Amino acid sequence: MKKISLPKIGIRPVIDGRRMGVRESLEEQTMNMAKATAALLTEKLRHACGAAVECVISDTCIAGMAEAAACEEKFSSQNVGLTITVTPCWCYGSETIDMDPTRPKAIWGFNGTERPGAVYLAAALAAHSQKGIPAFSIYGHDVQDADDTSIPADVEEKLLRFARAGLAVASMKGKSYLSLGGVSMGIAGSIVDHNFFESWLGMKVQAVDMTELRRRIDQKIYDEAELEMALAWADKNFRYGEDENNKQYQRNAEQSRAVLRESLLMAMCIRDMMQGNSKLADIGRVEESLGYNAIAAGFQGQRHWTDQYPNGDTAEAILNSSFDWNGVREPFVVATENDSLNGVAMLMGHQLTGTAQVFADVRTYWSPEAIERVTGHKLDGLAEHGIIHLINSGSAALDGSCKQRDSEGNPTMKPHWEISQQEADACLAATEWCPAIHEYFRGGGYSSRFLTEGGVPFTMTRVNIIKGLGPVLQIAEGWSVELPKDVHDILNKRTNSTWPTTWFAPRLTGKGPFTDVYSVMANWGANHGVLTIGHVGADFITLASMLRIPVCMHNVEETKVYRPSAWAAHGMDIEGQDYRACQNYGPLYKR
């Protein structure tokens, strides 16, 4: 009922089992290590929903099987989703490691001399790899004194990266993906793969035909009082763009209201379907009040719904935003055109950062030659080598305007718990609602148009399913760029002026698909992509290794790739070790 038993982090203090003074002289330091680790995690980490992260420590230090078993008994009743084993000394490898085959696991060995914790680390990892249960290694660079209790910056970074990814894995487990509708215009990702969700992500799929949304609307299976409040909020805050439809299709005020009204109801009903709504019990809809336990959803839309009813532009834009008529909240994950694979990339991004995700059509690659030819401007700066036009077909999280600001005053996208109502209103003020183009969307609709501020670091990702290989992940870190007004207008009126725009410039590496901007575009595996704030490729890489999804393309620095130590046994090559290891271990949950 909200806070539906969030996963916890289990900390396992391991120790030398022998006495005669040995174990007893190490007891305090070992538990301190465990307490220090828990303190750091609960302080620096938050679930994507906003809640604080809880850690569970073993009742005693673990020196053998009896103690390990006791710890396991404690953890399994506490819903721990990942573990971190810590130690400042030598311990008995296989008798003390966490044997659970599915939960993400890490081992931190104190780097000391009188305290040879790193020696255990190496021995424990060897046992993990020999037994087919990969684990992450956390080894600090510089030697620490036996009395030093601080956690080095390099160790802290790895602990946080491991836990952040680990939590993402644990949070998806058991949740549903709501497929509202089916295949949208033959888009591969909208042919929802039930097995992928179940085997790789540990999720379930709930399929619902779109006539169900029509039923909730027509039969008043919604909160009527909330509707009136949503309309008041729209009236007070919505800035409307110009209608670019052919004259015969332009709707008079009354009809335009009917579209706005229905559009807001769509947002309400979809949200209610995803997480349930107790108010529905008040109106005789107890079954419907339960929801589908969905942590992500997709709305087919075209062609069947949109050829007669308002499109999902408004609903998708609002639900994916960090706010609405009820104030700021955690953004939902709703994929347009029911593209579940983009939904998955969005889910991952959200679980890792707690921020709103931008759904985008990778529409055009603008070479510097093409820019010059159509606008006369000889482009420079981040856009010097080409630019990719990212515009979703009508919706995008309003947070995407990048009107929020960080400590230093820079444009950014932040976790909902750091967004002020002022920033929420600013994002709404930077958005214009434009009527949907009638020939494509016969039932009408309202698109969210904004222009993302330039100079913002972004990470573009996409998951694709390749028959005979399985799922693969693509990553491209880059920046949004700002084009001079005149140039932006030429390009914008030539493409789709009523849709949200983000001009993207990927960081080039000079090798492979990152030789130039054209290659990044040419090697993208679908027509959609997801934008997550910042340069979080390293996080996506760690998360993918936990799920055994090969990263077929990325521009992240080799030194920043952090995966279970077993990957290294599969080769020195960052790509080869990945394809070999993933094929070896396979999906986390089955087959």
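Residue positions are given as counts along the sequence shown, with the first one as 1.
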Name the higher of the two by mean Cα B-factor in the PDB entry, 263-271 versus 195-203.
-> 263-271
Of 574-582 and 20-28, the stretch with the higher mean C-alpha B-factor in the deposited entry is 20-28
Out of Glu288, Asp100, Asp223, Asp148, highest CA B-factor residue = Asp148
When you compare the CA B-factors of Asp209, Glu316, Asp243, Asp399 as listed in the entry, which one comes out on top?
-> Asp243
Lowest, middle or highest third: where is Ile133 by Cα B-factor in its chain?
-> middle
Among modelled residues of the same chain, the CA temperature factor third for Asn464 = lowest
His416: CA B-factor among chain residues, third -> highest
On the chain's distribution of Cα B-factors, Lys560 falls within the third called middle
Would the CA B-factor of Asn527 place it in the lowest, middle or highest third of its chain?
-> lowest
